[PDB]
Every structure is written in structure tokens, then in C-alpha cells.
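> Here it is, the structure in full.
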Amino acid sequence: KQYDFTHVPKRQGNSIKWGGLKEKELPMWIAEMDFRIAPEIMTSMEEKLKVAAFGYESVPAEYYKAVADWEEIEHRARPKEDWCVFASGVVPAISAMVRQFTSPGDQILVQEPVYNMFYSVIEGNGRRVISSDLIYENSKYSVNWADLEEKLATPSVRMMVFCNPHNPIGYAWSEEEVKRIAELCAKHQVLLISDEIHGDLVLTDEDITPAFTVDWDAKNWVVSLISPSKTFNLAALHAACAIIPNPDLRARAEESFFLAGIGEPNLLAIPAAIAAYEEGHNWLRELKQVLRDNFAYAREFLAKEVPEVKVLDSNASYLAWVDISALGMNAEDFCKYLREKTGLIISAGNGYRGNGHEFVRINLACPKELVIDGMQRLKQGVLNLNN
Amino acid sequence: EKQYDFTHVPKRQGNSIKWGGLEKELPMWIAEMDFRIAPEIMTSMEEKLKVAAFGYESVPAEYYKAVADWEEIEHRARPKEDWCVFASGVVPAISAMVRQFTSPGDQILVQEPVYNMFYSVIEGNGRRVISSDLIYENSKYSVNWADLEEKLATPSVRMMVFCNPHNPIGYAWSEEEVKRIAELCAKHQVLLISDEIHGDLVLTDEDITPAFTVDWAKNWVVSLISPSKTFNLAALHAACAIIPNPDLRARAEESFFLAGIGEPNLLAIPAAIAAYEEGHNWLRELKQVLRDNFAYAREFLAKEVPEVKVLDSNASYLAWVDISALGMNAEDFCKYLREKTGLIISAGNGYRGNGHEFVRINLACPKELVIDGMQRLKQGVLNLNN
């Protein structure tokens, strides 16, 4: 390679992933990487620091142009720069738009099993989660279009929070699927909030259909949310972008961001995100490569040594969604037992709700050597359940 | 000799609010400095960048110990570390507590003229500003205690956002005033939100009285501090709420997390710790530079521009200047002044109160720029009388 995907960065003590760990514990749960970031991003941060003064920052149009250029090169989708609004984070943007575009007690539709923070921002703000569960009929998840529409048509259902690609299952919806969802939301005057934070991480050539691509009129009912944070290992950068074609909605969300305190970039957000989106193409190409190898190793080891589990077919994200149902153990119990016996820490599916009690989520955005370790620890833990 | 550099203006990138989008124009409006930051802080930032991976951060105990140590050494007031909660900014913290601790339609009290952003977070959140106006007589502002108490007594008045020290008039309240304001709030079951972001910048020995030091009324107060104004780190997005009431404190923190302002960014923790552990010497030199700038500016406006009156102040690097004798609304004056001289200062109108008669001037810049701006101000006033 041209980039380091071998050495795990040495964090300071206050890391969520690596902080507070017992000796030899291996964290493979929270969605951040154990890879150093792109040097082109690093250079922009070191460059910014040399200003040696960190007063108030505006969002320059270069930021919106970088977002537009990135979306077109990586996704063959180009937003109008005018549609774009800076937010310091995807989840806080959802939180603010929940408060601005729905009322206390309104229902907000999700597709379970879905990312836990969806529930935290809906319920934490006093809105009610309603799910049109994704059907787990094969080794696959699919949409009940009848059930989805009738829930969308419920008057108290005011918003749909859509994970595109879908986390934790790792599925980049098809162009027909995204467009059909956005048409159904428009038809029932439901706002479609499309969380596309995993959108740069499709591992197949099947690229994402960003919600803002839907044709006009329905385009007036969508928001796309992106960030460099998952793509480039920049969770603590606090840079993100809302893409809102409807300009009334856009002006209202921009004010909601300002009032939440998430509308103003910190000292590194602008130059670092611009560098990521202008210069991070080559580092991401190699990243997906390392991800595809770790998934290939992961799937083969588990097929040959832990056939009682099943790594689901996934086409996006660095998170493996593993069916542990045949182990007969609740995911959280299994994950606890795993850490206790082997020191391997992975994400229980329970918090994603849906059928997550039968699933674990494993973070493969780490050097192959840590995948080898983690896969060996999983098997050791499965074997002792039998002894 | 100064150990630090207060002579060279930082070379900013294009998206600077103060210096972006400007030939020869001189911005002295928005409250950020034109000095380099303390090298002890820069060292901490460059060390954190070597991690070269910026995943999720916790708030370490060393952050709160740094805040407590700083408050004890600079202000003779050590908060309990348990009372301390990280927030990504003072104004976002105010805004979150408006939403969490008041209802839509409740009134929130301020003392006009005061920071424009207070109105934005109150009004934009669907609460109603109520002001107990400061009384302007003798070129001094005074608190109308009777009006203050009657308004705090109003059932719909549920929160007071207090600026301590007060922006834009530059006044560090006395110990008596802070405690009285806290006791009046507590008496009426009103939350006192004490924005103490200018607290380290009292340019005299006169010190600030943090709201957290009020007698065990202490259950009704929140002190908000940050290194941002003190060390020229607005965009660092590091702040700290000091909340002695443990239940109020946990609710505020929950509100910060829900809003997206409870998690530190990649530099907030090490940089704030360095500022609060190793920034004492730099701050002491800064205050000598600021006193020198104010001495020159006050003398130069008193001797050369008798048409304006700089109000007496003891805190902040901002000067509050009565321009009423020019007979011109401050918004229009500031527009004309920019057109004729290139000097950009803050019109008083947005601070409400009697701000239509005032301008605000930021003197936290090298003395060469202070000289330039003061001379341009005279140029603009002379251009009016001619």
C-alpha cells in the first residue's frame, strides 16, 4: 500500500473504544476504526493548527463544493451546493430535526432492527418509535411495503428516520427501494430523514442512492445526512452536512442546528472535512480493500470453525452482522460471556431491537492481525460453551 | 521583556468570521483576539494530533480537576469537581438549559443591554425575553433591584440568564451583587444561569464572583465557563457547566448529550487542560497588554474625540462607547464608518437596551491595530462634522 492499515494508533487515556480496558482486552464493538487517518487529512489539521489562533469560523462555500464534488465522484450523485448545511454531527442533526419538524408525542417511523441512537434521539426527545420491521425471512432483510405504507399513512406518523445504508445489517438500499420509500413518504406528507453516514462504505460496486437524488416534488420531503466521521475515522472531528433540497425545510433545519449549538464548525471541522472530501479518495479505495479482506477472512474462519454462526451477506459498512441464533444464547449474554472468558468485546444486537437478540455486530475496521485475534477468541468462547 | 508574542497578528484561513471576506479593512467587532495563543496550549494540541486517529472521547477527571484548580488559583473559588459537566460551548449550554429547564412560552430574564446571542437562544427556542433594563445615568449602568425582583417574582419568569461579567458594558459584578441576584432567583424558584465566559478577563485586581460561591441559593445556580474568551479559543468548543445541585446537574448533562454538545471534539480535552493548568503566566501578560491598549484608547478618545464617551468598565477586552452626541443611530454610524474608514466595530442596536446610542470596540489586538482603529474612529467622526 501507500497507506498504513497495519499499526493501531496509540490513543490518549480518554478513549471510549480503548479507555478503561483490562490487559489484553480487544474492543471490536463501537463504530470507530483502529487505523490511522488519511495523511492528506492529517496534513490539513497540522496546517490549521499553525494559525495559532482559533476564533469564530464560518462555513465557506469550498465546504459545500467539496461535499458536492465528493458525492459525484464516489456516488455519481451531485447535490446543489445551496442544499447543503453544515452540522457538527449526524445524530445531533436528527435530534434537532425531531424537535423542529414533529411535536411531542408524534410517532417517528424506523425499520427495525436499526441503529440504537435512532431510538435515543426519538424517545429522548419525547417522540414515539413505531417500526415497520424489516422481514428476516431468508438470510436476508426485506421491506413489507404494505405494512410500511399503512404506518406512514397513520396521521400521527410524521417522520421516517431512514438508515441508508442500513446499520447494523450493512445494506445499501437499491435505487428503486430508496425512491419508493421517498415517494411513499411524500405521498403521506412524511419527512424522510436519510442517515447516509455509512454511504461511503459500500464494498460492492452497487453504489448508494442518496435520498436527495429522488426526482422533484418528492425531493421536497427528504433530507440526506452525511459526514466524514465513519468513512475516515473522525468521530471526534464533529463535521457533518445536511443536504436539504426543499429550501423552506432547509432554512428551518439550519436554524434548528444553530439553536442546538451544532451549526458552527469547531477549529478543525472545515479544513479537515474539505481535505477528506477533496483528497481522501485514494485512502478510502485502499480502506475498502482492507475491509473486504477482513470480511473475507471473517466469513471463511467462521464458516469453517464456527458453522453454528452465520455472517450475513453485507454490501456496506465495516460492521459484520452475525446471526448467533443457532448458538441458542441471547446476544447480550453471549457478548458478556465472550468478554469475561476471552476479553473480546463485541456489540450485542439487542440494542438495535427488531430481532437483534439473535445477532452480534463485529467491527472489522482494524488491522488483519486484530481480526485474527478476535476471530480466534470468538471460537474459543464458542468451544468452551460445549465443554 | 514579554515571554510571549502579543505583537504579531495570526495568519488566519479564509473562513474566519472576524477577518474573512474583508483591503486594509480593520475588524474590531466580534469578540475574538488578534493574538497567538499560549504556546503551552499549542504544545498540547500538537501532541494530541500525533494519535492520528480521532474516535470517540470520554471526559476525564483531569478535565474537571484542571477547571477546579484554575478557578481556585485565579478567582479564589474552588468548585467541587463533581459539580462540573463538560459542554461544547457556553451559548449551546444556555440554549440546552432553556429547553430543559423552562417551558415553551415561559419568560427568561436578562438585563438589557446584553449580548445579542441571549435573545437568539431565548426567542428562537420559543421562550420570551423579559428584561430588567440596566439604568443608564451618569455614564454608569445600575441594576433596578425593585424591577428585577418584581419580574423574577412573575410566575412565568422561570430563568435568568446573567452575564457575569456583563457583555457589552464590561462590568464584573461585585460579590454582593452576584449573591443578591442568586438569592432573589432562589427565593422565587428561578434558575440563575451565570455566563462567566469573560470572568478571567477582569482587567483590574477586582475579581469575579462565580455564582457557584453563593451560600447553600446555591441549588438554583449554574456557572458557565470556558477557555475560549480567555485564551482566544472560540472554535475549540470546550466549556464547563458548574452545577452544585446534583439532580439539576444530571439533567443538564442529559440535555447536553441529547442536543449533541456533551461529547468533546478531538482537541477540546487536552487543549482546555493545558490552558487551565499552564495558562496563568500567559494570561497575566495578556492583561498587561490589554490594560496598555485600553489606556491608549481611553486617553486617545478622551483627548481627541470628545464627541464620544467610553464608559467606565473593569472587565472584558470590549469597550462600550456612547456615540449619542453624534445624533446618529449606531447601525447607520457603523455602516458609514466602515465605508469611509474601513473600521468595522459592533453597532449597539443588537444588544437592545439603549444600544442604539452605543458601539462596541474589541481592543484585544496588537497595539498597532488599536492605534489604527482609534485613528480611523476619529477620521469617521471628523468626516461627519464637516
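For the C-alpha cells, the naming scheme is as follows: chains receive sequential letters (A, B, ...) according to their order of presentation, residues are indexed from 1 within each chain, and ligands are indexed from 1 in presentation order.
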Within stretch 113-197 of chain A, find each residue whose DSSP state, derived from the backbone, is strand (DSSP E), and express the selection as an NGL selection string.
:A and (128-131 or 135-136 or 141-142 or 157-163 or 191-195)
> Please identify all polymer residues within 8 Å of stretch 316-325 of chain A, counting only C-alpha atoms, omitting same-chain residues fewer than 5 positions from it, and present them as a ChimeraX atom specification.
/A:31,165,167-172,198-199,201-204,291,295,308-311,330-331,358-365
> Any idea what the distance is between atom CA of residue B:163 and atom CA of residue B:226?
13.6 Å
> Which parts of stretch 54-228 of chain B does DSSP call helix (DSSP H, G or I) when run on the backbone here, written out as a PyMOL selection string?
chain B and resi 61-75+81-83+90-101+116-124+145-152+175-187+199-201+211-213+218-220+228
> Taking only C-alpha atoms into account, find every residue of chain B that has an atom no more than 7 Å from chain A, and write it out as a PyMOL selection string.
chain B and resi 10-12+15-17+32+35-37+51-60+92+95-96+121+124+232-237+258-261+265-266
> Residues within 9 Å of stretch 344-346 of chain B, please, as a PyMOL selection string. Count only C-alpha atoms; anything in the same chain fewer than 5 positions from it doesn't count.
chain B and resi 25-30+330-331+334-335+337-338+358-362+373
> Counting only C-alpha atoms, what is within 12 Å of residue B:149, bar same-chain residues fewer than 3 positions away, as a ChimeraX atom specification?
/B:109,131-132,143-146,152-155,157,160,180-188,190
> Output C-alpha atoms for every residue in the selection just made, as a PDB file, in the first residue's frame.

ATOM      1  CA  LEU B 109     -34.909  37.315  32.262  1.00  0.00           C
ATOM      2  CA  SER B 131     -35.594  42.477  30.579  1.00  0.00           C
ATOM      3  CA  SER B 132     -34.983  44.299  33.806  1.00  0.00           C
ATOM      4  CA  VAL B 143     -29.397  47.361  38.432  1.00  0.00           C
ATOM      5  CA  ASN B 144     -33.070  48.267  39.089  1.00  0.00           C
ATOM      6  CA  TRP B 145     -33.361  45.885  42.044  1.00  0.00           C
ATOM      7  CA  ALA B 146     -37.059  46.643  42.557  1.00  0.00           C
ATOM      8  CA  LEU B 152     -38.326  37.454  38.994  1.00  0.00           C
ATOM      9  CA  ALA B 153     -41.496  37.112  41.116  1.00  0.00           C
ATOM     10  CA  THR B 154     -43.634  36.710  37.976  1.00  0.00           C
ATOM     11  CA  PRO B 155     -44.832  33.079  37.745  1.00  0.00           C
ATOM     12  CA  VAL B 157     -40.423  34.061  34.643  1.00  0.00           C
ATOM     13  CA  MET B 160     -32.455  34.407  34.496  1.00  0.00           C
ATOM     14  CA  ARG B 180     -28.100  39.062  45.916  1.00  0.00           C
ATOM     15  CA  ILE B 181     -29.075  38.100  42.340  1.00  0.00           C
ATOM     16  CA  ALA B 182     -28.721  34.427  43.202  1.00  0.00           C
ATOM     17  CA  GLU B 183     -30.715  34.775  46.422  1.00  0.00           C
ATOM     18  CA  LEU B 184     -33.513  36.662  44.607  1.00  0.00           C
ATOM     19  CA  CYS B 185     -33.624  33.926  41.976  1.00  0.00           C
ATOM     20  CA  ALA B 186     -33.621  31.096  44.521  1.00  0.00           C
ATOM     21  CA  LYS B 187     -36.271  32.892  46.606  1.00  0.00           C
ATOM     22  CA  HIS B 188     -38.580  32.903  43.583  1.00  0.00           C
ATOM     23  CA  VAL B 190     -35.938  30.927  39.321  1.00  0.00           C
TER      24      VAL B 190
END
> Counting only C-alpha atoms, what is within 7 Å of stretch 184-197 of chain A, bar same-chain residues fewer than 4 positions away, as a ChimeraX atom specification?
/A:149,152-153,158-165,180,211,218,221-227,230
> Skip residue B:293 itself and residues of its chain fewer than 5 positions away, then list as a list in words all residues within 7 Å of it, counting only C-alpha atoms.
residues 363, 367 and 370 of chain B
> Skipping near chain neighbours, those fewer than 2 positions away, what residues fall within 10 Å of residue B:140 using only C-alpha atoms, listed as a PyMOL selection string?
chain B and resi 134-138+142+169+311-313
